[PDB]
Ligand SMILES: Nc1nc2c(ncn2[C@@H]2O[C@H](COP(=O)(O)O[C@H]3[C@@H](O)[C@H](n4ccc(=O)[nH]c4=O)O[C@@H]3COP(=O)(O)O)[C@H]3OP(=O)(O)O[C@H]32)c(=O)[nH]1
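Given next, in structure tokens, is a single chain: the form solved without the ligand.
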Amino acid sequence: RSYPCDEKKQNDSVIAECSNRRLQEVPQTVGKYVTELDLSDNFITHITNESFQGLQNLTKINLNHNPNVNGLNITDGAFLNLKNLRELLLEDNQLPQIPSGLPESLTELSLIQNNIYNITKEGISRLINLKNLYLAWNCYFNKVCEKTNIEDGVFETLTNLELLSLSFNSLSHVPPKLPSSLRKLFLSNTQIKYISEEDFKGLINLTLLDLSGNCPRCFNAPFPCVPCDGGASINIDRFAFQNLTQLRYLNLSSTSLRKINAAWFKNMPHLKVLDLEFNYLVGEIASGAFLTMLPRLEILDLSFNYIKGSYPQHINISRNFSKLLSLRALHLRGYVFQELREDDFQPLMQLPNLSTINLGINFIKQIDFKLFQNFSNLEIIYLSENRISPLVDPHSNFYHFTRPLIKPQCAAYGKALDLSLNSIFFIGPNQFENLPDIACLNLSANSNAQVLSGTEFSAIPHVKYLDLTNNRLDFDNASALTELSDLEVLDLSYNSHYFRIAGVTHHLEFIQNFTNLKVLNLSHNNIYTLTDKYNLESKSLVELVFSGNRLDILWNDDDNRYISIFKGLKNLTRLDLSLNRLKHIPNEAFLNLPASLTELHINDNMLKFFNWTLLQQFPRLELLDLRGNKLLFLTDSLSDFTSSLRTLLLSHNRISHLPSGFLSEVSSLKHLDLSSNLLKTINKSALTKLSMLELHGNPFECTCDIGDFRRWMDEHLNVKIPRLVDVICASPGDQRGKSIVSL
């Protein structure tokens, strides 16, 4: 049972996770099998060559973010002793120089987020084995350095280096004498404004070059941002990329480009991905000679090139876009225009493999929707934040938004259409005319107040994942959404009436009509009364999310009206009743929770009482989540009540005592969470296939009655007890603040 680290198997070797653990030195209590040690995000101040003796087998050390709340003192030669150290991470250590005397065995080295202004032969030219060197965020609006000093030739002895990052450093010019072995060179945000024919000569293996953020489009710029003198673009020579025949990824985002020279791409037959955002390329997009040089481009990003001051009627697409045969995905966010006609997109209609058109953030008023019918492979039409009306971390892509445009779970069903954040205030009769067969539709946040009658989706009848969240939809009618007989996922989260005065009544009869509806999300609808029918009914449904509603009212109704709301959900396995303000649940109401349940969530309510006997009604229940409540006690024999429960979550409650023979002999129960409660000790009498037990944030009384518990922690090494550091003695005050393991 490791301390303070969490050791464990990783593939075919053993790993010590020792982070966010307030340590002030390296531990010497580390397992002897460990080959990779993460000590990051801690209060460690000094490293000497003593700090990692008896761990010669180490391969990977991470000392990132040390310390938290001067710098990190690394005594020269501190690691030379580690003959198998391949990867060494030293980010955010406030270093003032590359550590002296680093071990030749290294292959990956990160020195990001330091105050290293000097790249010497003294520091790195001895590491002939480096593949991956990362030096970014080292001189970035640091008043000293005025400029990064790159000792000449420092890099040429690195004859096996494949990755060099120097982004967010003031370099003014490209370092000379870079090794032939490079495949990826990152020079983003380096105030490199001119690029010569010499700069990238002898890099015949380059697959990636990043020159983004030089001559920034510093307008609309979140961060500190010095645009070049005038409005000037980065200046890239005519033959700058001539010997770069392997280039696959080129990023020229935010280089203020107005024109694009087609000659840059004459010897680049494999360019796969080209980022051109935050530039001024509206003219170029209309003509675009360079589009003829890119038959293999798979991703083009031209987002946010809009002209300041302008909201022009139409977009203008070069016919040359048709010369983009390999194109998978086009990103045109924030060009900004009013009307999209069938004709404007003719070039793209032939491109065989085009699956993503991203047209977010253009404030487009009208789209001639029939155009999308002419694409044999659209999977993702993304029109968020437009104005359609009704019809009648330094390791992150800094400039191109990387997360999925549309949730996987939605997109997975088929064609995806995202009309979130438009002006669709009611669903017009012609709203979805001429649309291809949409499987996944997003109307979220349209101030949309439709009274659903079963006729509004008929033109796209096969939607399977509908997201309607954050509108004002009236689904009082029991015919509502029935025209979509294949619907599998409906999200009504955050739907209210166009007033948010309380008191709104709901009719939920439409639910029963669906024959393969699987997941329904009624969260935050502030549901306190159902009118006429008082039960939910569906043979299909599997998941119901009832969070953020007033079950509290519903279930204390004088007349027992809703004692059976969720019983007629006959196949349900997952029910979330969190955030419903519950103090006490009517024993009758709980016994009508449908017995098909596997996962019940009642967390974040105000329960003082929970009747454990009722879990006999639930022979297939595996996960009970009761966190964030006020409960005071537990049954003294849980095994009696259920023998199917695997996971029980009691963190953030008021429980002070663990009953005798409680854990004995539930057996069923693998994971039990008791953290953040009021336990002071754990009795000899309370002392199973339990494989994890959470106890952090409980005020303990060490010493001495606690000793029982300890020898239990030693004879049961199988019972993993996470987060030991945060299992803290409350008292006596001489122990206070210690782990209960310190003794």
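So that there is no doubt, residue numbering starts at 1 and follows the sequence shown. We call the rigid core the largest set of C-alpha positions that still match within 1.5 Å between the two forms.
- Annotation: residue 11 belongs to the positions left without coordinates in at least a third of the other compared entries, with flanking residues modelled.
- Among the other PDB entries of this protein that were compared and that flank it with modelled residues, residue 69 is left unmodelled in a third or more.
- The gap between residue 69 and residue 70 holds 10 or more unmodelled residues of the deposited sequence.
- According to the PDB entry, the deposited sequence contains 10 or more residues between residue 392 and residue 393 that lack coordinates.
- Here the stretch with the larger average CA B-factor, out of 703-711 and 25-33, is 703-711.
- As listed in the deposited structure, the average C-alpha B-factor of 678-686 and of 42-50 is greater for 678-686.
- Reading the B-factor column for the CA atoms of 341, 464, 126, 365 in the entry, the top value corresponds to 126.
- Highest CA B-factor among the listed residues (454, 503, 352, 309): 503.
- Split the chain's modelled residues into thirds by C-alpha temperature factor. Residue 518 is in the lowest one.
- The PDB entry assigns residue 664 a C-alpha temperature factor belonging to the highest third of its chain's modelled residues.
- Per the PDB record, residue ranking by Cα B-factor puts residue 428 in the lowest third of the chain.
- Among all modelled residues in its chain, residue 568 ranks in the middle third by Cα B-factor.
- Annotation for residue 584: CA B-factor lies in the highest third of the chain's modelled residues.
Same protein, other form: the form deposited with the ligand bound, not shown, and the subject of what follows.
- The site on the displayed chain is blocked: the ligand, placed by C-alpha superposition from its pose in the deposited complex, has three or more atoms within 2.4 Å of backbone or C-beta atoms.
- The contact with the ligand in the deposited complex, taken as any heavy atom within 4.5 Å, belongs to 358 out of 653, 549, 358, 603.
- 405 is the sole member of 530, 154, 127, 405 with a non-hydrogen atom lying within 4.5 angstroms of the ligand in the deposited complex.
- When the ligand is considered in the deposited complex, residue 534 lies well away from it, no heavy atom lying within 4.5 Å.
- In the deposited complex, residue 273 approaches the ligand with a heavy atom inside 4.5 Å.
- Although the partner is absent here, residue 299 is a contact residue: one of its heavy atoms lies within 4.5 angstroms of the ligand in the deposited complex.
- For the chain shown alone, residue 141 is not a contact residue for the ligand in the deposited complex, no non-hydrogen atom being within 4.5 angstroms.
- Remark: of stretches 555-563, 642-650, 655-663, 397-405, the one touching the ligand in the deposited complex is 397-405 (heavy atom within 4.5 Å).
- Comparing C-alpha positions between this form and the one not shown after a rigid core fit, one residue in 89, 504, 300, 405 moves 2 angstroms or more. It is 504.
- Relative to the superposed core, residue 350 undergoes a C-alpha shift smaller than 2 Å between this form and the one not shown.
- For residue 485, the Cα coordinates differ by under 2 angstroms between this form and the one not shown after the core has been superposed.
- Core-superposed comparison between this form and the one not shown: the Cα of residue 104 travels less than 2 Å.
- Compared with the form shown, the residue 575-residue 498 C-alpha separation decreases in the deposited complex, the change being 3 Å or greater.
- Relative to this form, the distance between the C-alpha atoms of residue 500 and residue 546 is reduced by at least 3 angstroms in the deposited complex.
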